[PDB]
Amino acid sequence: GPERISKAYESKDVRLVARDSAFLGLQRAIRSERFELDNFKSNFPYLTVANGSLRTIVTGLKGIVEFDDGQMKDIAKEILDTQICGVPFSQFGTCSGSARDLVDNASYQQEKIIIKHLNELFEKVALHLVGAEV
């Protein structure tokens, strides 16, 4: 007998509870979580993917279009598109041996300007952050 039973949860305030969950999705987006030159020192090109934060905050963005249903959804698309290190998110999802040789030839001070590309990038994230003060 291949039958399984599951406990049923009470259903009440489907939209109200769902709205609260959407709030938490934005919270993860605010906390962020990314390693810097400490591990990007020698493993800069090694960690190309791992749901670092771009994909997780994109899920929260889906909840934004569903509840707000405004032009904020369009702003979310722009947030995904960004250039860091002179190359877009598309060329920052993989490792290249051409970029591994360039990194080694560069020093820490050169990586400091590269981390600055990241610093402004963080600032753009804060621009969508002020979407709660409106």
# chains A, B, ... in the order shown; residues from 1 in each chain; ligands from 1
call {"tool": "select_by_dssp", "arguments": {"residues": "chain A", "states": "helix (DSSP H, G or I)", "output": "PyMOL selection string"}}
result
chain A and resi 14-31+37-43+54-68+72-80+89-92+97-105+108-129
call {"tool": "residues_around", "arguments": {"residues": "residue 76 (chain A)", "least_positions_apart": "3", "cutoff": "9 Å", "atoms": "only C-alpha atoms", "output": "VMD selection string"}}
result
chain A and resid 58 61 to 62 64 to 65 72 to 73 79 to 80 128
call {"tool": "write_last_selection", "arguments": {"atoms": "N, CA and C atoms", "output": "PDB file, in the first residue's frame"}}
result
ATOM      1  N   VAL A  58      17.334  37.961  -6.681  1.00  0.00           N
ATOM      2  CA  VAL A  58      16.495  38.037  -7.858  1.00  0.00           C
ATOM      3  C   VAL A  58      15.173  37.390  -7.523  1.00  0.00           C
ATOM      4  N   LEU A  61      13.129  39.816  -5.823  1.00  0.00           N
ATOM      5  CA  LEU A  61      12.638  40.776  -6.787  1.00  0.00           C
ATOM      6  C   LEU A  61      11.378  40.262  -7.440  1.00  0.00           C
ATOM      7  N   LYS A  62      11.246  38.923  -7.638  1.00  0.00           N
ATOM      8  CA  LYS A  62      10.051  38.383  -8.254  1.00  0.00           C
ATOM      9  C   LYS A  62       8.876  38.688  -7.356  1.00  0.00           C
ATOM     10  N   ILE A  64       8.581  41.214  -5.577  1.00  0.00           N
ATOM     11  CA  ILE A  64       8.302  42.636  -5.651  1.00  0.00           C
ATOM     12  C   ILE A  64       7.330  42.922  -6.778  1.00  0.00           C
ATOM     13  N   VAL A  65       7.532  42.308  -7.972  1.00  0.00           N
ATOM     14  CA  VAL A  65       6.641  42.567  -9.099  1.00  0.00           C
ATOM     15  C   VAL A  65       5.239  42.034  -8.814  1.00  0.00           C
ATOM     16  N   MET A  72       8.254  49.260 -10.592  1.00  0.00           N
ATOM     17  CA  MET A  72       9.411  48.888  -9.814  1.00  0.00           C
ATOM     18  C   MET A  72       9.994  47.628 -10.397  1.00  0.00           C
ATOM     19  N   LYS A  73       9.134  46.780 -11.012  1.00  0.00           N
ATOM     20  CA  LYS A  73       9.594  45.552 -11.631  1.00  0.00           C
ATOM     21  C   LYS A  73      10.638  45.877 -12.695  1.00  0.00           C
ATOM     22  N   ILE A  79      18.780  46.447 -12.188  1.00  0.00           N
ATOM     23  CA  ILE A  79      19.662  46.062 -11.094  1.00  0.00           C
ATOM     24  C   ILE A  79      20.485  44.844 -11.472  1.00  0.00           C
ATOM     25  N   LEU A  80      19.874  43.833 -12.136  1.00  0.00           N
ATOM     26  CA  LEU A  80      20.623  42.636 -12.516  1.00  0.00           C
ATOM     27  C   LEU A  80      21.761  43.010 -13.439  1.00  0.00           C
ATOM     28  N   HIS A 128      18.418  50.925  -4.684  1.00  0.00           N
ATOM     29  CA  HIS A 128      17.137  50.233  -4.655  1.00  0.00           C
ATOM     30  C   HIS A 128      16.724  50.068  -3.203  1.00  0.00           C
TER      31      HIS A 128
END
call {"tool": "select_by_dssp", "arguments": {"residues": "chain A", "states": "strand (DSSP E)", "output": "list in words"}}
result
residues 83, 84, 87 and 88 of chain A
call {"tool": "write_last_selection", "arguments": {"atoms": "C-alpha atoms", "output": "short mmCIF file (atom, residue, chain, number, x, y, z; two decimals), in the first residue's frame"}}
result
data_model
loop_
_atom_site.label_atom_id
_atom_site.label_comp_id
_atom_site.auth_asym_id
_atom_site.auth_seq_id
_atom_site.Cartn_x
_atom_site.Cartn_y
_atom_site.Cartn_z
CA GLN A 83 29.46 45.88 -15.03
CA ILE A 84 32.23 44.97 -12.58
CA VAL A 87 33.15 43.21 -17.78
CA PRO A 88 29.47 42.58 -17.33
#
call {"tool": "residues_around", "arguments": {"residues": "region 49-55 of chain A", "least_positions_apart": "6", "cutoff": "10 Å", "atoms": "only C-alpha atoms", "output": "number ranges by chain"}}
result
A: 28-29, 31-35, 61, 79-80, 89, 92-95
call {"tool": "residues_around", "arguments": {"residues": "residue 30 (chain A)", "least_positions_apart": "6", "cutoff": "9 Å", "atoms": "only C-alpha atoms", "output": "list in words"}}
result
residues 57, 125, 126 and 129 of chain A
call {"tool": "closest_residue", "arguments": {"among": "A:9, A:74, A:69, A:42", "to": "residue 106 (chain A)", "atoms": "only C-alpha atoms"}}
result
A:42
call {"tool": "closest_atom_pairs", "arguments": {"of": "region 53-130 of chain A", "to": "region 13-23 of chain A", "cutoff": "9 Å", "atoms": "only C-alpha atoms", "output": "CSV"}}
result
residue,atom,partner,partner_atom,distance
A:60,CA,A:22,CA,7.1
A:63,CA,A:22,CA,5.8
A:64,CA,A:22,CA,7.3
A:67,CA,A:19,CA,7.5
call {"tool": "atom_distance", "arguments": {"atom1": "CA of residue 85 (chain A)", "atom2": "CA of residue 118 (chain A)"}}
result
8.1 Å
call {"tool": "atom_distance", "arguments": {"atom1": "CA of residue 56 (chain A)", "atom2": "CA of residue 7 (chain A)"}}
result
29.4 Å
